[PDB]
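Taking the form deposited in one PDB entry, here's one chain by itself in structure tokens.
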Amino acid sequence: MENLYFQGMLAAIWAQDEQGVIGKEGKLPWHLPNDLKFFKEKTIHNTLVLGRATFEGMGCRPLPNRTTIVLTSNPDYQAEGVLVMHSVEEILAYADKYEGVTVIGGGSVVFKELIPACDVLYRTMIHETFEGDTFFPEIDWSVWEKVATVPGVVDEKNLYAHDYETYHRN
């Protein structure tokens, strides 16, 4: 037994604007194709954890070739093609014994609860302001430091200046 070790890994990944906006009416308030492609690279063949509201904002659809977990207090919640779990503890138990990375995909409640258990943050900082109703939550930034940053390429498909940032624990 290895009940005294945590042998999995949690990454939180998200895109936000310069106000900290991450969503509006369930959906993304911007379109930035390169970031979606980066996101798929990080989640492909891994596990993606989503709070119920975010999941439903995506039209209740799972991304292929990943395992998605939907978090909800509702014991009877079922959706198509996803695991459903009902507590942080339950998420952590799955993550401990999962062979790949358990990616925390949001939304705000999920980030605030699970970021304390994460080992890395992948943030896409979009340098523009949009209208939204959901913000990245207040977290303890004192335990994190930025270890990498790369500017994103703008083109006819990607309209906004943006940075891809990586944070690790100090």
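From 1 onward, residues are counted along the sequence shown.
There is also a form deposited with a small molecule bound; it is not shown, and the following applies to it.
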| query | With the partner left out here, if you bring back the small molecule in the deposited bound form, are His45, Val82 and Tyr94 all within 4.5 Å of it by some heavy atom? | reply | no
| Between the options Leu28, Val120, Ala117, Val101, which residue brings a heavy atom to within 4.5 Å of the small molecule in the deposited bound form? | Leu28
| note | With the partner omitted here, the residue among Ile139, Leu63, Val143, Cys60 that in the deposited bound form has a heavy atom within 4.5 Å of the small molecule is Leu63
| request: With heavy atoms only and a cut-off of 4.5 Å, decide whether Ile13 touches the small molecule in the deposited bound form. | output: yes
| Using heavy atoms and a 4.5 Å limit, would one call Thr124 a contact residue for the small molecule in the deposited bound form? | yes
